Amino acid sequence: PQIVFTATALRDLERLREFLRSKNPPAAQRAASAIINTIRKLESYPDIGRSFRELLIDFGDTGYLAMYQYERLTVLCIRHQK
Amino acid sequence: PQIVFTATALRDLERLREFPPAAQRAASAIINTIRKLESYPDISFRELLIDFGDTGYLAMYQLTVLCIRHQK
Amino acid sequence: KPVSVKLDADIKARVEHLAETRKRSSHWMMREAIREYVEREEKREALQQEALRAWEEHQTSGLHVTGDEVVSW
Amino acid sequence: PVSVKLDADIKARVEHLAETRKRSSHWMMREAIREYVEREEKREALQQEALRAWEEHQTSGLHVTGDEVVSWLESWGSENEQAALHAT
């Protein structure tokens, strides 16, 4: 698949970034790796969750929630803070 | 406060220790936690937070008697 | 084993609305709401007892602490 | 109001729990539904804003690739960071 993010998922990432600043000391680089892991594990075994499903991304303090769809480019829509 | 520690919290640390810079890493996160308790004890007792690196631990306490610090 | 529960009205309205959406029953609705409550409080009030047992072991014996300087261990 | 629910063994774990923390079994059960419906209404909200987010992507058609945000993310916290672009 193509692993595509939506505009809503990009700006959920932006909120996210601009947050960590006042969040974990260096978990900015810790959250980033967790997503890229989640991004490239979607590039392979694309599945999990609950007709599209969800996916949790765990890192340090707590975790977030990726939501995505599908049949050749799992569009990634929305990643709120759970 | 005197910042006391219990035996159940003492062995929860020895459990911890066993588990690469870490020997001097997570120890610093607790001494910070220890000394911010000597001033700000937060606030029915509340077991405080603890976060460094991979994940975070859980030091419950109530002198501030520190009883049990499990891995969360 | 059935048992009656008086509902706050207004919620029951929020209960029955989510049942319309999910296409499930108002009975199975709460049937989970009870499980997920105890399924959580059973663990939380399980670690409450752990820390509470530590208080029992201290309130009857000695201890040490100061700061990275033990005393009466 | 006043409608009845029926559980199985779970009610025993309730009545037992409604005795440890010495609270009313009838009260406890109610808090369960409120917490539930509160959490669950917020899940129904995330659904739509997720569902909507899509509807917008299907209409607008613009997106960014995982690699671009993989490219963006690997510079997080390392002073010279990056932004995100918007391809069509």
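Quick reminder, even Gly has a Cβ in these numbers, built from the backbone with ideal geometry, and neighbours come from all protein chains shown. What follows is calculated from the coordinates using simple rules that are stated; it is not laboratory data.
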Spelling out what I want: for every residue of the stretch A:13-25, take phi, set θ = phi - 60°, compute 6.51 cos²θ - 1.76 cosθ + 1.60 (Karplus), and round to whole Hz; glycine and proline get x.
5, 5, 4, 3, 4, 3, 9, 2, 3, 7, 9, 2, x
Across 20 Å bins beginning at 0, the whole-percent shares of Cα-Cα pair distances in the protein assembly as shown come to 25, 45, 29, 1
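Out of all Cα-Cα pairs in chain C, roughly what percent, to the nearest whole number, are more than 21 Å apart? All intermediate terms of the calculation are to be shown ahead of the outcome.
On the way: 1496 of 2628 pairs.
So the pairs more than 21 Å apart make up 57 percent of the total in chain C.
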Would you calculate, for the protein assembly as shown, the mean residue ellipticity at 222 nm contributed by helices, counting each DSSP H stretch of 4 or more residues as -39,500 (n - 2.57) and dividing by all residues, to the nearest 500?
-16500 deg cm²/dmol
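Figure the gain on full extension for C:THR60 and C:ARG44 (residue separation times 0.36 nm, minus the Cα-Cα span) and round it to one decimal in nm.
On the way: separation 16, 0.36 × 16 = 5.76 nm, distance 2.50 nm.
The C:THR60-C:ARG44 span can extend by a further 3.3 nm.
Suppose every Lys and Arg Cβ carries +1 and every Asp and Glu Cβ carries -1, with no other charges. What dipole size does the protein assembly as shown come out with about its Cα centre, to the nearest 20 debye?
Working: 47 positive and 50 negative charges, 155 e Å.
Rounded to the nearest 20 debye, it is 740 debye.
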Hey, if you put +1 on the Cβ of every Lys and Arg and -1 on every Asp and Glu Cβ in the stretch A:1-62, which of A:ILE3, A:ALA34, A:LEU56 ends up farthest toward the positive end of that dipole?
A:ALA34
Among the DSSP beta bridges whose two residues both lie in the protein assembly as shown, what percent are antiparallel, rounded to the nearest 5?
90
Estimated vicinal HN-Hα couplings, Hz - the stretch C:12-22 in sequence order (Karplus 6.51, -1.76, 1.60; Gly, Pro = x)
2, 5, 6, 4, 5, 6, 4, 6, 4, 5, 5
Beyond a 30 Å Cα-Cα separation, which of these cross-linked pairs lie in this structure: C:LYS23/D:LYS22; A:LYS41/D:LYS42; B:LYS72/D:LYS5; A:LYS23/C:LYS23; B:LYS72/C:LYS1; C:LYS43/D:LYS5?
C:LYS23/D:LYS22; B:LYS72/D:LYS5; A:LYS23/C:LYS23; B:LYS72/C:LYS1
Could you state the number of Å between the C-alpha centres of the stretch B:27-44 and the stretch C:29-43?
34
Please build a GNM for chain D, connecting alpha carbons under 10 Å apart, and tell me which residue among D:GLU56, D:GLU38, D:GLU19 fluctuates the most.
D:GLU19
In degrees, nearest 10, the alpha-carbon axis of helix D:25-60 is tilted away from the dominant principal axis of the alpha carbons of chain D by 20
